[PDB]
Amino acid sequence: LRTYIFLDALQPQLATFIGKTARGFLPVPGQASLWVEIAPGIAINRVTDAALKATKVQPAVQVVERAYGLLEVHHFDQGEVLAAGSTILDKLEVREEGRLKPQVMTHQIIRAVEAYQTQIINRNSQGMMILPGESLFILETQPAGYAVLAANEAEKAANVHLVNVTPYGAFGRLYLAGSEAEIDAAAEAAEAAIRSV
């Protein structure tokens, strides 16, 4: 069990980013959302099947990457999602606390990003544009799944733009853009959330 984290309600940009990029059943803002990462990757199919047979949740994500596998299930009813999470933990025979604790590989604020840099960031991103002169928050977590918690709590806490989030792979990466003050608040919220796991 690499990642296990429950989002009580998806913020609009995160839900929209998942919808623009994920392969599965799109979530909408406000739905509860549970994320589960495990190894080996292909074995996530066992987790998905358990959750879907037990509850009415819908999966936005089942990724099997080089080494790991990641699942998202969602529903407008928090308890329906939480019911799916309990089922998953029973199938895995581990409790919520047996999850790997998230580590922050990088947390940095880059002020007044130059146009040359935003152009490359943006060409590699599918979320909101970072525009020249905006501040950039970059967060790298390990394992990758927890990046969504940082993204959701940051968006909840400040007026910022979700540029990109990658909650799978060796490392989970998050890009936010906004004014310096809003990015400061978004960064504080994201970090306070990762450390609360």
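All residue numbers are counted from 1 along the displayed sequence.
Student: Using only the Cα atoms and their B-factors as the entry lists them, report which of 141-149 and 48-56 averages higher.
Tutor: Averaging CA B-factors over each stretch, the winner is 141-149.
Student: Decide which of the stretches 27-35 and 167-175 has the higher mean C-alpha B-factor, going by the entry.
Tutor: Mean B over CA atoms: larger for 167-175.
Student: Using the temperature factors in the entry, find which of 102, 127, 79, 85 has the highest value at its Cα atom.
Tutor: Highest C-alpha B-factor among the listed residues goes to 102.
Student: Please place residue 156 in the lowest, middle or highest third of its chain by C-alpha B factor as given in the entry.
Tutor: Its C-alpha B-factor belongs to the middle third of this chain's values.
Student: Ranking every modelled residue in this chain by its Cα temperature factor as given in the entry, which third contains residue 91?
Tutor: Its C-alpha B-factor, which the entry lists for residue 91, ranks in the highest third among residues of this chain.
Student: Splitting the chain's C-alpha B-factors into thirds, which one does residue 117 fall into?
Tutor: As the PDB entry reports it, the C-alpha B-factor of residue 117 lands in the lowest third of its chain.
Student: Splitting the chain's C-alpha B-factors into thirds, which one does residue 107 fall into?
Tutor: As the PDB entry reports it, the C-alpha B-factor of residue 107 lands in the highest third of its chain.
Student: Considering only modelled residues of the same chain, in which third does the CA B-factor of residue 67 rank: lowest, middle or highest?
Tutor: Within its chain, residue 67 is a highest-third residue by C-alpha B-factor, going by the deposited values.
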